[PDB]
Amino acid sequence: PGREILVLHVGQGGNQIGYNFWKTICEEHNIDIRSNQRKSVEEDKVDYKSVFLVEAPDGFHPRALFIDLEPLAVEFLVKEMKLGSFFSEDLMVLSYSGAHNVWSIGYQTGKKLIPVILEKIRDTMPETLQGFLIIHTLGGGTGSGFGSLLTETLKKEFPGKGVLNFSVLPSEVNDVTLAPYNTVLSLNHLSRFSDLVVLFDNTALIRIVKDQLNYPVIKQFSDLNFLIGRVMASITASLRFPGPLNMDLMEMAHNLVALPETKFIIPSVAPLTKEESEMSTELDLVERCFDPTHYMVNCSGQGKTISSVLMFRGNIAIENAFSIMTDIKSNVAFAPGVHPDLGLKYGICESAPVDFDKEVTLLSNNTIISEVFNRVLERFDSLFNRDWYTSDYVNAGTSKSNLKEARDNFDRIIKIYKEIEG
């Protein structure tokens, strides 16, 4: 026993993303998400299901909590996806009143549910638990404010356990006008309390789905969120299946986090289709991952890589994985103080994601964070300098001075990344 991870999904986006993640996890372990059973004894593969799944005598269950301040997103998702025996009622922590897209309301109102959440965690968490994943969006009020409160609470209550955030940034034109306030307040909180923040945005996700998968239409968020689920599953694959070179959550964080503040990570995966997986080389896939077309955050260019983690899954030639490292270092821009021999951390897992031949997942700590975050700051200043939309933050405990304090700490992070860039 050990290695276990508990996943907290927060707000509408966090819980919708949770559907795709748990669908992927059950498929990889050949668990039927509707019966809670193995699909077959014969195709049960050598694995370590306990990382994300609790095996009880009646079947398997997610080690998860489904948290929101209003009930519709979760209730509708569970009905539509026929999840009622897997996303069961004892794992749901729901209120009724909503955060109304204000981080401060999500934070304040979420505080009332913290005792219930901690009791649920302490009820079912094994003592060997390696850490927590928090899945949430940053632009609304619940994922952002309650997700921030949860990051702070878990770091304080469970010292020694990793706290990792999978966090969706606002789109290139925000679809919540309050998103700059909510994103700055969340990223300030995560800079204080998270161990590692893996970022995504919907502009990049839409571009990948339209240009790499060529889907004719995106009708439901499931047809975007599967990409976030793919990153979460693949970076933990070596905890769950055999392979030559395994890595755990804090092993990856320690290789990425050069300075304590540089904990904001851009993910990418290649290829996106089974057909591409069968007609590609290790070099080709790694080059795709380092190309902005495949980054899951909308970036103007390749930036400068400070440190990266690459997970190679499936039918991988180890000699090609190693031989291409000098090519990665010569063709991808790294930050100026990165030695020619450094900046890569490898994991290699024998299990390919379902139906592909092989797949590469990249987590990159990249100075281009500074451009992404400066745009957020520019949006924040456009509202704050006019005192627009501040009233409901002030009424829920975030003074105008506190908004400014969060902004200025956010700016200090931006500057640290820009300094490393040169």
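One rule holds for the numbers: they count along the sequence shown, beginning at 1. Take the two forms, find the largest set of C-alpha atoms that superpose within 1.5 Å, and that set is the rigid core.
J.: Between 232-240 and 289-297, which has the larger RMS C-alpha deviation from this form in 8 other deposited structures of this protein after core superposition?
T.: The stretch that sits farther from the shown form in 8 other deposited structures of this protein is 232-240.
J.: Between 275-283 and 191-199, which has the larger RMS C-alpha deviation from this form in 8 other deposited structures of this protein after core superposition?
T.: After superposing on the rigid core, the more displaced stretch in 8 other deposited structures of this protein is 275-283.
J.: On average, are the C-alpha B-factors higher in 337-345 or in 124-132?
T.: The stretch with the larger mean CA B-factor is 124-132.
J.: Which wins on mean Cα temperature factor, 249-257 or 150-158?
T.: Going by the record's values, the stretch with the higher mean is 150-158.
J.: For the C-alpha B-factor as written in the entry, point me to the maximum among 265, 83, 169, 321.
T.: That would be 83, according to the entry.
J.: Using the entry's values, work out which of 378, 387, 42, 28 has the largest Cα B factor.
T.: Max CA B-factor in the entry, restricted to 378, 387, 42, 28: 42.
J.: Sorting by Cα B-factor within the chain, modelled residues only, which third would residue 240 end up in: lowest, middle or highest?
T.: Answer is middle: the recorded C-alpha B-factor places it there.
J.: C-alpha B factor of residue 33, ranked within the chain: lowest, middle or highest third?
T.: Highest third - that is where residue 33 ends up once the chain's C-alpha B-factors are sorted.
J.: Lowest, middle or highest third: where is residue 410 by Cα B-factor in its chain?
T.: Within its chain, residue 410 is a highest-third residue by C-alpha B-factor, going by the deposited values.
J.: State the tercile, meaning the lowest, middle or highest third, of residue 189 with respect to the CA B-factors recorded for its chain.
T.: Its C-alpha B-factor belongs to the lowest third of this chain's values.
J.: Just say lowest, middle or highest third for the CA B-factor of residue 230 relative to the other modelled residues in its chain.
T.: Residue 230: CA B-factor falls in the lowest third of its chain.
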